[PDB]
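Trainee: Take this structure first; my questions come after.
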Number of protein chains: 2
Amino acid sequence: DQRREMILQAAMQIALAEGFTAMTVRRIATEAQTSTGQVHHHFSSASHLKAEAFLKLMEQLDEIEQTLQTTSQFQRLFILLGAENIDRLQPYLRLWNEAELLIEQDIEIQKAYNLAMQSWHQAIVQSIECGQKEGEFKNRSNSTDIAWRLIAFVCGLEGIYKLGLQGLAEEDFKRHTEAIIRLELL
Amino acid sequence: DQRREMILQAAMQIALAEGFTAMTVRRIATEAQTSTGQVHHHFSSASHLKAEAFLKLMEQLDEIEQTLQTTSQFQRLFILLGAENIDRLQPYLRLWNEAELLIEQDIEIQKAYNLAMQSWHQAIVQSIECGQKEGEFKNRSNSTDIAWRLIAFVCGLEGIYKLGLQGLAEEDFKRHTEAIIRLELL
């Protein structure tokens, strides 16, 4: 189809710029420049169209991610973890975090989130095994265990920085992350 | 003094067995066998009594963990990081997580939660530096650095578990903690 996917990118723009709470069947029918009723037509609910615009935008994240010229596999892993936080991807990472908080209210979003994370894991699993088969990383451990623990660590470092804890500086994020990568893989 | 403490000890009993929501000054008063007027004389609000009891219970969880005799610091870290699951210690852990979600609605519990996390870190810092001087731990990094990264990792792991991610097993928690401690300190 064409009119459906053209609403899908209308969702995408509003999603990526103004988040989920601005994604109303009305306002995305407005910028798609169709009718509200045509939006009801394709997608079976607004929450279904919110999750569909998320998933397909995370797949936009990771496949603009496969295009960046990296120098080493360590550098490509650092970007994959989200630890580099480049500008071009900043808002895709914004939506990811909004989605993470909406998973208790909206199970379409909660389904989409669990699909994004599963691909994130297999994308890091693919970065580890590639660096290992190329002489860049060592084979200290199972690559699925490393990847689950690198996800654990980068998510856990965020959570602790959320607290305003005393004596824990946010400019040590890149430092602590890089350090856990050398321990696991270098 | 001594009557403020009878009320405190009553708040902690409700807290451990039932949780914060059950800690109304109506309920505390009954169990402390006093008047609701007397509770208000000693604590500003149910939220102040809640946070103050949460702190005492964390001091109490601390004092229980130094009664479990350990052979070394490495197994002492397993106790400190929660990755060991003692039956006695469950409801203190339970209350810790309950408190975690109440830190954006309640300024009192938010203050206590930070203080408890900051003493948690101190303890992990101190157990790293015992092992280091007893010859058991390397000194690859700052004790404070390893200690924060150990905190970020365990919180980050319980977080990922919470999502019901496919192909992630809650069994592996003690495994993944054991690996992180080895990369850092042994």
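Chain labels run A, B, ... following the order of the structure tokens; each chain numbers its residues from 1, and ligands are numbered from 1 in the order shown.
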With only C-alpha atoms as the counted atoms, please give the residues lying no more than 12 Å from residue A:166, apart from itself and same-chain residues fewer than 4 positions off, as a list in words.
Mentor: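 Those residues are residues 160, 161, 162 and 170 of chain A; 111, 114, 115, 116, 117, 118, 119, 121, 122 and 148 of chain B.
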Trainee: Distance cut-off 9 Å, counting only C-alpha atoms - which residues of chain A neighbour chain B? Return them as a PyMOL selection string.
Mentor: chain A and resi 110+114-115+117-118+145+148-160+163-166+168+176-177+180+183-184
Trainee: Those same residues - N, CA, C and O atoms - I'd like them written as a compact mmCIF listing (two decimals), in the first residue's frame.
Mentor:
```
# COMPACT_ATOMS: atom_id res chain seq x y z
N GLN A 110 4.48 -1.94 24.69
CA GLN A 110 5.25 -2.89 25.48
C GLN A 110 5.70 -4.08 24.63
O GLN A 110 6.78 -4.63 24.85
N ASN A 114 9.76 -4.86 23.62
CA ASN A 114 10.44 -6.13 23.77
C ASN A 114 10.99 -6.66 22.45
O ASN A 114 11.87 -7.52 22.46
N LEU A 115 10.48 -6.19 21.31
CA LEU A 115 11.06 -6.55 20.03
C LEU A 115 12.31 -5.72 19.74
O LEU A 115 13.30 -6.24 19.22
N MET A 117 14.32 -4.46 21.99
CA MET A 117 15.41 -4.90 22.85
C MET A 117 16.00 -6.21 22.35
O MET A 117 17.23 -6.40 22.36
N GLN A 118 15.15 -7.12 21.87
CA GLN A 118 15.67 -8.40 21.42
C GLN A 118 16.62 -8.23 20.23
O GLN A 118 17.65 -8.90 20.15
N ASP A 145 26.26 -13.98 26.59
CA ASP A 145 26.40 -13.55 27.98
C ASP A 145 27.05 -12.17 28.05
O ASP A 145 26.59 -11.30 28.82
N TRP A 148 24.32 -9.69 26.93
CA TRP A 148 23.31 -9.45 27.96
C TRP A 148 23.89 -8.63 29.10
O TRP A 148 23.17 -7.82 29.70
N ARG A 149 25.18 -8.79 29.39
CA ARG A 149 25.76 -8.03 30.48
C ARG A 149 26.14 -6.62 30.05
O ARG A 149 26.10 -5.70 30.88
N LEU A 150 26.53 -6.41 28.80
CA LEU A 150 26.74 -5.04 28.34
C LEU A 150 25.42 -4.25 28.33
O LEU A 150 25.39 -3.07 28.69
N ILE A 151 24.32 -4.89 27.94
CA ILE A 151 23.02 -4.23 28.02
C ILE A 151 22.68 -3.93 29.48
O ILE A 151 22.19 -2.84 29.81
N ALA A 152 22.92 -4.90 30.36
CA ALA A 152 22.66 -4.70 31.78
C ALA A 152 23.44 -3.50 32.30
O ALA A 152 22.90 -2.67 33.06
N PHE A 153 24.68 -3.36 31.86
CA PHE A 153 25.51 -2.34 32.45
C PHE A 153 25.13 -0.95 31.93
O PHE A 153 25.04 0.00 32.71
N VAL A 154 24.90 -0.81 30.63
CA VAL A 154 24.58 0.51 30.10
C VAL A 154 23.20 0.95 30.55
O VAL A 154 22.99 2.14 30.79
N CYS A 155 22.27 0.01 30.74
CA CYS A 155 20.97 0.40 31.29
C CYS A 155 21.09 0.73 32.77
O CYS A 155 20.48 1.70 33.24
N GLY A 156 21.89 -0.04 33.51
CA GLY A 156 22.05 0.22 34.93
C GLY A 156 22.78 1.52 35.22
O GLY A 156 22.49 2.19 36.21
N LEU A 157 23.76 1.89 34.37
CA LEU A 157 24.46 3.16 34.57
C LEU A 157 23.52 4.34 34.39
O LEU A 157 23.62 5.35 35.11
N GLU A 158 22.62 4.26 33.41
CA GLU A 158 21.60 5.28 33.25
C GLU A 158 20.75 5.41 34.51
O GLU A 158 20.62 6.50 35.08
N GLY A 159 20.17 4.30 34.97
CA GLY A 159 19.33 4.34 36.16
C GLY A 159 19.98 5.03 37.34
O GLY A 159 19.33 5.80 38.05
N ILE A 160 21.27 4.78 37.57
CA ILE A 160 21.92 5.36 38.74
C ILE A 160 22.15 6.85 38.54
O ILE A 160 22.11 7.63 39.50
N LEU A 163 19.36 9.30 39.69
CA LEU A 163 19.07 9.55 41.09
C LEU A 163 19.59 10.88 41.58
O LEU A 163 19.17 11.33 42.65
N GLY A 164 20.48 11.53 40.84
CA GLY A 164 21.23 12.62 41.41
C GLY A 164 22.14 12.20 42.55
O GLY A 164 22.22 12.89 43.57
N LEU A 165 22.83 11.07 42.40
CA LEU A 165 23.66 10.58 43.50
C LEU A 165 24.91 11.42 43.66
O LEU A 165 25.49 11.90 42.68
N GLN A 166 25.34 11.60 44.90
CA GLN A 166 26.48 12.44 45.20
C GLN A 166 27.77 11.67 44.98
O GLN A 166 27.91 10.52 45.43
N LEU A 168 28.99 10.81 41.96
CA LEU A 168 28.93 10.00 40.76
C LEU A 168 28.67 10.95 39.60
O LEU A 168 27.54 11.43 39.43
N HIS A 176 33.21 4.78 32.33
CA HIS A 176 32.82 3.51 32.93
C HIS A 176 32.40 2.50 31.87
O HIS A 176 32.72 1.31 31.98
N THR A 177 31.69 2.94 30.84
CA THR A 177 31.27 2.03 29.78
C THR A 177 32.47 1.41 29.08
O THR A 177 32.66 0.19 29.09
N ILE A 180 34.14 -1.31 31.11
CA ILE A 180 33.50 -2.62 31.15
C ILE A 180 33.65 -3.35 29.81
O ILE A 180 33.55 -4.59 29.75
N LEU A 183 37.23 -4.98 29.89
CA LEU A 183 37.25 -6.13 30.79
C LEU A 183 36.62 -7.34 30.13
O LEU A 183 37.14 -8.46 30.25
N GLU A 184 35.53 -7.14 29.39
CA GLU A 184 34.80 -8.27 28.83
C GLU A 184 35.42 -8.78 27.53
O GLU A 184 35.28 -9.97 27.21
```
Trainee: From stretch 91-144 of chain B, collect each residue whose DSSP state is alpha helix (DSSP H) and return the set as a VMD selection string.
Mentor: chain B and resid 91 to 101 107 to 133 143 to 144
Trainee: With N, CA and C atoms retained, could you export that selection as a compact mmCIF listing (two decimals), in the first residue's frame?
Mentor:
```txt
# COMPACT_ATOMS: atom_id res chain seq x y z
N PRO B 91 12.58 -9.63 52.92
CA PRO B 91 11.66 -8.48 53.02
C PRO B 91 12.39 -7.16 53.09
N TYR B 92 13.64 -7.14 53.55
CA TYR B 92 14.43 -5.92 53.44
C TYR B 92 14.67 -5.58 51.98
N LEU B 93 15.06 -6.58 51.19
CA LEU B 93 15.21 -6.39 49.75
C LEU B 93 13.88 -5.96 49.13
N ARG B 94 12.80 -6.69 49.43
CA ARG B 94 11.47 -6.31 48.97
C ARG B 94 11.20 -4.83 49.23
N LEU B 95 11.35 -4.40 50.49
CA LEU B 95 11.13 -2.99 50.82
C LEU B 95 12.04 -2.06 50.03
N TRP B 96 13.27 -2.49 49.72
CA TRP B 96 14.20 -1.62 49.00
C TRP B 96 13.64 -1.29 47.62
N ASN B 97 13.06 -2.28 46.95
CA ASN B 97 12.53 -2.08 45.61
C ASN B 97 11.25 -1.26 45.64
N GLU B 98 10.34 -1.59 46.57
CA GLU B 98 9.18 -0.76 46.84
C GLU B 98 9.58 0.71 46.99
N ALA B 99 10.60 0.97 47.80
CA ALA B 99 11.07 2.34 47.97
C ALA B 99 11.56 2.92 46.65
N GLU B 100 12.16 2.08 45.80
CA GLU B 100 12.71 2.61 44.55
C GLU B 100 11.63 3.27 43.70
N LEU B 101 10.43 2.69 43.67
CA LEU B 101 9.39 3.26 42.82
C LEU B 101 8.69 4.44 43.47
N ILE B 107 9.11 13.03 48.52
CA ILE B 107 10.42 13.64 48.73
C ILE B 107 11.14 12.98 49.90
N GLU B 108 10.39 12.50 50.89
CA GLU B 108 11.01 11.88 52.06
C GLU B 108 11.66 10.56 51.70
N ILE B 109 10.90 9.66 51.07
CA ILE B 109 11.46 8.38 50.68
C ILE B 109 12.56 8.58 49.65
N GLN B 110 12.47 9.64 48.84
CA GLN B 110 13.54 9.91 47.88
C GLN B 110 14.85 10.25 48.58
N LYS B 111 14.78 11.05 49.65
CA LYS B 111 15.98 11.39 50.39
C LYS B 111 16.59 10.15 51.04
N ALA B 112 15.76 9.34 51.70
CA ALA B 112 16.25 8.13 52.35
C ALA B 112 16.84 7.17 51.33
N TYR B 113 16.15 6.99 50.20
CA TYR B 113 16.65 6.09 49.16
C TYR B 113 18.06 6.48 48.73
N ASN B 114 18.33 7.78 48.57
CA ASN B 114 19.68 8.18 48.19
C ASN B 114 20.68 7.89 49.30
N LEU B 115 20.33 8.20 50.55
CA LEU B 115 21.24 7.92 51.65
C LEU B 115 21.57 6.43 51.73
N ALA B 116 20.57 5.57 51.53
CA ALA B 116 20.81 4.14 51.62
C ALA B 116 21.72 3.67 50.50
N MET B 117 21.47 4.14 49.27
CA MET B 117 22.35 3.82 48.14
C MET B 117 23.77 4.32 48.38
N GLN B 118 23.91 5.48 49.03
CA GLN B 118 25.25 5.99 49.30
C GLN B 118 25.98 5.20 50.38
N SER B 119 25.26 4.65 51.36
CA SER B 119 25.93 3.76 52.30
C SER B 119 26.20 2.38 51.70
N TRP B 120 25.29 1.89 50.84
CA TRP B 120 25.53 0.69 50.06
C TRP B 120 26.87 0.77 49.33
N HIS B 121 27.11 1.89 48.65
CA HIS B 121 28.34 2.10 47.90
C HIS B 121 29.55 2.11 48.82
N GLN B 122 29.48 2.87 49.91
CA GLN B 122 30.53 2.87 50.93
C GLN B 122 30.90 1.45 51.33
N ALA B 123 29.89 0.63 51.64
CA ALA B 123 30.15 -0.75 52.04
C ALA B 123 30.87 -1.51 50.94
N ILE B 124 30.36 -1.42 49.71
CA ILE B 124 31.01 -2.13 48.61
C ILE B 124 32.42 -1.58 48.39
N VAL B 125 32.60 -0.27 48.58
CA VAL B 125 33.94 0.29 48.49
C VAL B 125 34.84 -0.32 49.55
N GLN B 126 34.32 -0.44 50.78
CA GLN B 126 35.14 -0.93 51.87
C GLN B 126 35.46 -2.42 51.72
N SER B 127 34.55 -3.21 51.14
CA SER B 127 34.81 -4.64 50.98
C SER B 127 35.76 -4.89 49.83
N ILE B 128 35.78 -4.00 48.83
CA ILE B 128 36.80 -4.09 47.79
C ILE B 128 38.18 -3.83 48.38
N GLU B 129 38.28 -2.92 49.35
CA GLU B 129 39.59 -2.53 49.84
C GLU B 129 40.11 -3.46 50.94
N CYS B 130 39.23 -4.21 51.60
CA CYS B 130 39.68 -5.32 52.42
C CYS B 130 40.38 -6.37 51.56
N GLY B 131 39.64 -7.00 50.66
CA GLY B 131 40.21 -7.93 49.70
C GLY B 131 41.49 -7.44 49.05
N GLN B 132 41.57 -6.15 48.69
CA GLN B 132 42.78 -5.66 48.00
C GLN B 132 43.99 -5.74 48.92
N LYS B 133 43.81 -5.46 50.21
CA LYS B 133 44.96 -5.44 51.11
C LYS B 133 45.26 -6.84 51.63
N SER B 143 38.77 1.69 43.90
CA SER B 143 37.71 0.99 44.60
C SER B 143 36.36 1.68 44.38
N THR B 144 36.33 3.02 44.37
CA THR B 144 35.06 3.73 44.16
C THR B 144 34.52 3.50 42.75
```
Trainee: All C-alpha atoms, paired in order, least-squares superposition of chain A on chain B: what RMSD does that give?
Mentor: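 The RMSD between chain A and chain B over C-alpha atoms is 0.6 Å.
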Trainee: Can you pull out the residues contacting stretch 69-78 of chain A? Cut-off 7 Å, using only C-alpha atoms, and skip same-chain residues under 2 positions away; I want them as a PDB file with C-alpha atoms, in the first residue's frame.
Mentor:
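Dumped everything to result.pdb:
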```pdb
ATOM      1  CA  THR A  67      25.960   2.708   7.712  1.00  0.00           C
ATOM      2  CA  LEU A  80      25.618   0.214  19.418  1.00  0.00           C
ATOM      3  CA  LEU A  81      25.370   0.328  23.210  1.00  0.00           C
ATOM      4  CA  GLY A  82      24.172   3.929  22.912  1.00  0.00           C
ATOM      5  CA  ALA A  83      27.233   5.040  24.888  1.00  0.00           C
ATOM      6  CA  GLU A  84      28.396   7.457  22.188  1.00  0.00           C
ATOM      7  CA  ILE A 124      25.501  -6.545  20.042  1.00  0.00           C
ATOM      8  CA  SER A 127      29.263  -7.072  17.000  1.00  0.00           C
ATOM      9  CA  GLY A 131      35.207  -8.630  16.476  1.00  0.00           C
ATOM     10  CA  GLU A 136      39.849  -7.396  17.650  1.00  0.00           C
TER      11      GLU A 136
END
```
Trainee: To one decimal in Å, tell me the separation between atom CA of residue A:6 and atom CA of residue A:28.
Mentor: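 The value is 10.1 Å.
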Trainee: Using only C-alpha atoms, pick whichever of A:49, A:42, A:66, A:135 has the shortest atom-to-atom distance to residue A:1.
Mentor: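 Closest to residue A:1 of all the choices is A:42.
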Trainee: Which polymer residues have any atom within 6 Å of an atom of stretch 32-34 of chain B, counting only C-alpha atoms, with same-chain residues fewer than 3 positions away left out, as a PDB file with N, CA and C atoms, in the first residue's frame?
Mentor:
```pdb
ATOM      1  N   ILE B   7       7.162   3.922  68.458  1.00  0.00           N
ATOM      2  CA  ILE B   7       6.381   4.158  67.250  1.00  0.00           C
ATOM      3  C   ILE B   7       7.193   3.789  66.021  1.00  0.00           C
ATOM      4  N   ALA B  10       7.330   0.165  65.617  1.00  0.00           N
ATOM      5  CA  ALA B  10       6.044  -0.299  65.106  1.00  0.00           C
ATOM      6  C   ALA B  10       5.934  -0.068  63.605  1.00  0.00           C
ATOM      7  N   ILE B  28      -0.081   2.201  62.285  1.00  0.00           N
ATOM      8  CA  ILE B  28       1.045   2.334  63.213  1.00  0.00           C
ATOM      9  C   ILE B  28       0.543   2.483  64.652  1.00  0.00           C
ATOM     10  N   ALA B  29      -0.324   3.477  64.899  1.00  0.00           N
ATOM     11  CA  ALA B  29      -0.808   3.770  66.254  1.00  0.00           C
ATOM     12  C   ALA B  29      -1.375   2.531  66.945  1.00  0.00           C
TER      13      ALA B  29
END
```
Trainee: I'd like the contact shell of residue A:20 - 10 Å cut-off, only C-alpha atoms, skipping same-chain residues fewer than 4 positions apart - returned as a VMD selection string.
Mentor: chain A and resid 11 to 12 14 to 16 24 47 50 to 51 53 to 54 95 98 to 99 102 109
